[PDB]
Amino acid sequence: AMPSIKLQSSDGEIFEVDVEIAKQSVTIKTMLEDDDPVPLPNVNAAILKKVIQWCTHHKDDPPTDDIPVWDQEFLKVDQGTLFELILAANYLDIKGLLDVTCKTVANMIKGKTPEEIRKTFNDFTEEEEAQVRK
Amino acid sequence: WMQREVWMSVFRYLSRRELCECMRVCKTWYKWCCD
Amino acid sequence: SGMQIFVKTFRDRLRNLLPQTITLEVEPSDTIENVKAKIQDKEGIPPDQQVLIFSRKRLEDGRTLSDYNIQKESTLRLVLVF
């Protein structure tokens with residue numbers, strides 16, 4: 001009494017998810033145009049679940065600091081997995097997740113000095129810092 | 001690789017002032033903001 | 001000794017590429033890795049950043065088009081991976 005499609009992850013773990021939320025990823029619904037798990041390249045089975053939680057929450061959305069409250073708490077995850085969430089929202093073509101995750105990294109870069117930016121995620125000569133200032 | 005297109009995308013949301021300081025972070029970033 | 005294949009793409013948003021369909025002149029004995037490099041020549045994306053899927057099965061990089069029964073005028077949606 002509910003529609004379901006299989007989605008094979010990069011690891012190989014198949015996910016039986018509803019088509020109404022899989023349709024949130026426009027690459028999956030367009031892949032069905034013109035009874036097998038649809039492939040999700042470069043998307044691990046762990047990130048796939050994190051992708052589902054964001055999509056299954058945004059099932060009622062058709063497409064100034066606009067960061068949502070629940071999403072910014074949903075993105076209280078390690079920096080590594082956040083980058084793995086940006087790439088997926090490009091592979092699955094998720095305009096909401098692609099923007100919320102990119103705006104959050106920019107929020108991590110904004111308001112900080114270049115050293116404070118590098119200290120969060122990490123190669124200059126002594127004049128290279130002065131030459132870049134020019 | 002993987003760092004070019006993702007970092008260039010977060011640069012669009014940062015205002016023109018933030019991209020000015022973004023060049024002094026790294027050389028790979030310095031080559032990216034000038035494209 | 002040469003066929004024609006189209007490979008439709010998907011909307012990529014990190015790379016501002018609209019969904020298009022690249023046309024290829026290949027042979028059924030060409031491996032998936034070869035036809036991935038035949039996409040490299042016209043655009044410049046390495047085969048390690050490409051994914052071919054004919055119907056619902058990811059195309060392995062070590063098999064020819066004859067293994068997946070890829071005939072002429074067949075469309076293979078390609079997906080980029082970082």
# chains A, B, ... in the order shown; residues from 1 in each chain; ligands from 1
>>> closest_atom_pairs(of="chain B", to="chain A", cutoff="7 Å", atoms="only C-alpha atoms", output="JSON lines")
{"residue": "B:9", "atom": "CA", "partner": "A:102", "partner_atom": "CA", "distance": 6.8}
{"residue": "B:10", "atom": "CA", "partner": "A:102", "partner_atom": "CA", "distance": 5.0}
{"residue": "B:11", "atom": "CA", "partner": "A:106", "partner_atom": "CA", "distance": 6.8}
{"residue": "B:13", "atom": "CA", "partner": "A:103", "partner_atom": "CA", "distance": 6.3}
{"residue": "B:14", "atom": "CA", "partner": "A:106", "partner_atom": "CA", "distance": 6.0}
{"residue": "B:18", "atom": "CA", "partner": "A:110", "partner_atom": "CA", "distance": 6.4}
{"residue": "B:21", "atom": "CA", "partner": "A:114", "partner_atom": "CA", "distance": 5.8}
{"residue": "B:22", "atom": "CA", "partner": "A:114", "partner_atom": "CA", "distance": 6.1}
{"residue": "B:23", "atom": "CA", "partner": "A:132", "partner_atom": "CA", "distance": 6.9}
{"residue": "B:24", "atom": "CA", "partner": "A:132", "partner_atom": "CA", "distance": 5.9}
{"residue": "B:25", "atom": "CA", "partner": "A:114", "partner_atom": "CA", "distance": 4.8}
{"residue": "B:26", "atom": "CA", "partner": "A:123", "partner_atom": "CA", "distance": 6.6}
>>> closest_atom_pairs(of="chain A", to="chain C", cutoff="8 Å", atoms="only C-alpha atoms", output="Markdown table")
| residue | atom | partner | partner_atom | distance |
| --- | --- | --- | --- | --- |
| A:27 | CA | C:10 | CA | 6.4 |
| A:31 | CA | C:77 | CA | 7.6 |
| A:36 | CA | C:56 | CA | 6.2 |
| A:37 | CA | C:56 | CA | 6.7 |
| A:38 | CA | C:56 | CA | 5.5 |
| A:39 | CA | C:58 | CA | 6.5 |
| A:41 | CA | C:81 | CA | 6.7 |
| A:42 | CA | C:81 | CA | 5.9 |
| A:87 | CA | C:82 | CA | 7.5 |
| A:90 | CA | C:13 | CA | 5.7 |
| A:91 | CA | C:12 | CA | 6.9 |
| A:93 | CA | C:11 | CA | 6.7 |
>>> interface_residues(of="chain B", to="chain C", cutoff="8 Å", atoms="only C-alpha atoms", output="PyMOL selection string")
chain B and resi 1-2+5-6+9
>>> residues_around(residues="residue A:50", least_positions_apart="3", cutoff="12 Å", atoms="only C-alpha atoms", output="JSON, numbers by chain")
{"A": [43, 44, 45, 46, 47, 53, 54, 55, 56, 57, 71, 74, 75, 76, 77, 81, 82, 84, 85, 86, 88, 89, 97]}
>>> residues_around(residues="residue A:29", least_positions_apart="6", cutoff="9 Å", atoms="only C-alpha atoms", output="PyMOL selection string")
chain A and resi 19+22-23
>>> write_last_selection(atoms="N, CA, C and O atoms", output="PDB file, in the first residue's frame")
ATOM      1  N   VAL A  19       9.037   6.255  -3.618  1.00  0.00           N
ATOM      2  CA  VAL A  19       9.298   7.011  -4.840  1.00  0.00           C
ATOM      3  C   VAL A  19       8.979   8.484  -4.640  1.00  0.00           C
ATOM      4  O   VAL A  19       9.566   9.347  -5.306  1.00  0.00           O
ATOM      5  N   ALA A  22      12.122   9.774  -3.297  1.00  0.00           N
ATOM      6  CA  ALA A  22      13.174   9.595  -4.289  1.00  0.00           C
ATOM      7  C   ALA A  22      12.981  10.549  -5.460  1.00  0.00           C
ATOM      8  O   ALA A  22      13.956  10.930  -6.117  1.00  0.00           O
ATOM      9  N   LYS A  23      11.734  10.943  -5.731  1.00  0.00           N
ATOM     10  CA  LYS A  23      11.448  11.962  -6.732  1.00  0.00           C
ATOM     11  C   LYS A  23      11.987  13.330  -6.338  1.00  0.00           C
ATOM     12  O   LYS A  23      12.048  14.222  -7.191  1.00  0.00           O
TER      13      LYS A  23
END
>>> select_by_dssp(residues="chain C", states="helix (DSSP H, G or I)", output="list in words")
residues 32, 33, 34, 35, 36, 37, 38, 39, 40, 41, 42, 47, 48 and 49 of chain C
>>> write_last_selection(atoms="N, CA and C atoms", output="CSV table (one decimal), in the first residue's frame")
chain,number,residue,atom,x,y,z
C,32,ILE,N,33.8,-0.3,-21.7
C,32,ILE,CA,33.2,0.9,-21.1
C,32,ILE,C,34.2,1.9,-20.8
C,33,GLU,N,35.4,1.5,-20.4
C,33,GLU,CA,36.5,2.4,-20.1
C,33,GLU,C,36.9,3.1,-21.4
C,34,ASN,N,36.9,2.5,-22.5
C,34,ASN,CA,37.2,3.2,-23.8
C,34,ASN,C,36.2,4.3,-24.1
C,35,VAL,N,34.9,3.9,-24.1
C,35,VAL,CA,33.9,4.9,-24.4
C,35,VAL,C,33.8,6.0,-23.4
C,36,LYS,N,34.3,5.7,-22.2
C,36,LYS,CA,34.5,6.8,-21.2
C,36,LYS,C,35.6,7.8,-21.6
C,37,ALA,N,36.7,7.2,-22.2
C,37,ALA,CA,37.8,8.0,-22.7
C,37,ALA,C,37.4,8.7,-24.0
C,38,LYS,N,36.5,8.1,-24.8
C,38,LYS,CA,35.9,8.8,-26.0
C,38,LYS,C,35.1,10.0,-25.6
C,39,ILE,N,34.6,10.0,-24.3
C,39,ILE,CA,33.9,11.2,-23.9
C,39,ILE,C,35.0,12.2,-23.4
C,40,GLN,N,36.1,11.7,-22.9
C,40,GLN,CA,37.2,12.6,-22.5
C,40,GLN,C,37.7,13.5,-23.6
C,41,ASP,N,37.8,12.9,-24.8
C,41,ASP,CA,38.4,13.6,-25.9
C,41,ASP,C,37.6,14.9,-26.3
C,42,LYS,N,36.3,14.8,-26.3
C,42,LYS,CA,35.4,15.9,-26.7
C,42,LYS,C,35.2,16.9,-25.6
C,47,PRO,N,37.9,9.4,-17.3
C,47,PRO,CA,37.0,8.3,-17.0
C,47,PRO,C,36.8,8.0,-15.6
C,48,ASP,N,37.7,8.3,-14.7
C,48,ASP,CA,37.5,8.1,-13.3
C,48,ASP,C,36.5,9.1,-12.7
C,49,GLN,N,36.0,10.0,-13.5
C,49,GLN,CA,35.0,10.9,-13.0
C,49,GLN,C,33.7,10.8,-13.8
>>> atom_distance(atom1="atom CA of residue B:33", atom2="atom CA of residue B:8")
7.7 Å
